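Below: one structure, written as structure tokens.
Chains as they are written, first to last, in PDB author numbering: chain C, 13 to 56; chain B, 13 to 56; chain A, 10 to 30.
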């Protein structure tokens, strides 16, 4: 809660699903944030 | 140069559109997030 | 709940940040 999670390495289509996932399950939000971060870190 | 704008008032689909427009039109990015700033402003 | 505020460094990089408190 309050950490900065940059994912500019995500491609629009992929992060699009991530955003829609946060909307669909805001409970898992942080973990979905941590999830997408795996690709962000990979393409980093 | 380059401010860090927080726009949380956007729609999930709006982010999908905006981000897609950044990677697709990176030269226009300045304008695309210009909109986003008014976008989150309108739904604030 | 917990949500992610969407911030972006205008020049090249868009990111996220969580927000609850």
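Beta carbons are placed, not taken as given, at the ideal position from N, Cα and C, and that holds for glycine.
Rounded to whole angstroms, what's the CA-CA distance from residue 18 of chain B to residue 17 of chain A? Just pull it up for me. Each residue's alpha carbon lies about 6 Å from the other.
Check whether the Cβ atoms of residue 20 of chain C and residue 21 of chain A lie closer than 8 Å to each other. With contacts defined as CB atoms closer than 8 Å, residue 20 of chain C and residue 21 of chain A qualify as a contacting pair.
Does the Cβ of residue 25 of chain A have 16 or more other Cβ atoms within 10 Å, making it buried, or fewer, making it exposed? That one is buried.
Once DSSP output is grouped into helix, strand and coil, what is the label at residue 56 of chain B? DSSP places residue 56 of chain B outside both helix and strand once states are collapsed to three, so it counts as coil.
Between which two residues does the beta strand (DSSP E) containing residue 27 of chain B stretch? No beta strand (DSSP E) holds residue 27 of chain B; the alpha helix (DSSP H) holding it covers 24 to 36.
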